[PDB]
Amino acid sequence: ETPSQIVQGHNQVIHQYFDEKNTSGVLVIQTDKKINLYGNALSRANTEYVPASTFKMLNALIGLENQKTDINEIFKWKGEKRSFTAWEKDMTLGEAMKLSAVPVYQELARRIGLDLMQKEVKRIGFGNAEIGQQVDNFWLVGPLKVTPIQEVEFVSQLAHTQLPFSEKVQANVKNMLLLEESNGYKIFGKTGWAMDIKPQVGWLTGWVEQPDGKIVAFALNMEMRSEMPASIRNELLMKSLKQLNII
């Protein structure tokens, strides 16, 4: 009369984390040049999606490398009603990164210009590397698309200073992405939510630096719905990283 016991590994647990939210998601992990997939929708890992605000990482790299801006420049709020009151202030590229302040990065994208942007995106080989003709929204409503695996590869290269940009520019953009530090761990990353396409896509791409210096990169990608809190992406990421013993 001994009962059975259900054994939850991290694979089953992370799958069920997405099931509990009634949506499809994948979490891509990269460390030591090895990629592992978790979640309830593993086919998302090799599917192209619009990057949404994850593109701000590459926009910043391009703008700094081509000397269209600098890390101390204060981008002025010129008076239009923005999507959030928190965005209605003068701020640096780094503060706009943390706030995901789209209008600051639209101003930067327009300084870069369509020709230089398209050439730099193709030089990097980011996703499908197609930006179309609208310089101020190509990362929000297409035509630019990238897979979660491509995002984890990109962000791990950034973390290791391996992208084809100067070392100082990569270090500066990394500094804009710090989200949390505690107990010798650092978490860097960038959220994204393409709300104006269907299906909506949500992202959280970044990396953990562990106390011994090891880098564990991640790209979370999930289908969003309007009723979800934005923090759902952070919640799913943090619970999964803990289950994986990354933090």
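Residues carry their position along the shown sequence, with the first being 1. Each form is matched to the other, and the largest set of C-alpha atoms that superpose within 1.5 Å is called the rigid core.
Annotation: of the segments 227-235 and 10-18, 10-18 departs further from this form in 5 other deposited structures of this protein (C-alpha atoms, root mean square over structures and residues, core superposition). In 5 other deposited structures of this protein, superposed on the rigid core, the segment with the larger root-mean-square CA displacement between 102-110 and 122-130 is 102-110. Annotation for 148-156 versus 68-76: the higher mean temperature factor (C-alpha) is found in 68-76.
The mean Cα B-factor in the deposited entry runs higher for 192-200 than for the other of 208-216 and 192-200. Based on the entry's C-alpha B-factors, the most elevated value among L99, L114, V104, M176 belongs to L114. When the modelled residues of the chain are ordered by their C-alpha B factor, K186 lands in the lowest third.
Annotation for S231: C-alpha temperature factor in the middle third relative to the rest of the modelled chain, per the entry.
Annotation for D90: C-alpha temperature factor in the middle third relative to the rest of the modelled chain, per the entry. Per-chain ranking of the deposited C-alpha B factor places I6 in the middle third.
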